[PDB]
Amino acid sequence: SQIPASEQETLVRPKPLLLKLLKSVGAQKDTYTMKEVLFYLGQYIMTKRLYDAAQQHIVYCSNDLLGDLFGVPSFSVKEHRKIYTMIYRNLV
C-alpha cells in the first residue's frame, strides 16, 4: 500500500474535463470514490493504449486529454502519491 485505504475510499467530485474522461469509458455519475476514479482512469488508459511494451510501468499520455489534465507527457504507475496529486488538481 502506498495510499491509505481511508483516502482511497473518500467520495470526490471530478471537474468537468475529468468527468468527460470518466464518462467516455462508461462511468455514469457525478461523484465517485477516489478508488473508482482510478479504476475508470485505468480503463481509459488501456482503451486508448497509452502504454508501451518497452516501458511497462509508464503511461504515455502526451497529445491526449489525460496528458492535458495531468500536465505531463508521461508518468509512472508506481508513483501513487504523485498520481493522487495529479487527480486532486482535477477534483472540485
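A residue's number is simply how far along the shown sequence it sits, counting from 1.
Handout entry: Segment of higher mean CA temperature factor, 64-72 or 20-28
Key = According to the entry, 20-28 carries the higher average C-alpha B-factor.
Practice task
Classify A54 as lowest, middle or highest third according to the C-alpha B-factor given in the PDB entry, relative to its own chain.
Solution key: Middle third - that is where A54 ends up once the chain's C-alpha B-factors are sorted.
Problem - Modelled-residue ranking by C-alpha temperature factor, third containing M34 - result: Answer is highest: the recorded C-alpha B-factor places it there.
Handout entry: B-factor third for the C-alpha atom of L91 within its chain
Key = Tercile = middle for this residue's CA B-factor.
Handout entry: Lowest, middle or highest third - CA B-factor, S6
Key = Highest third of the chain for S6's C-alpha B-factor.
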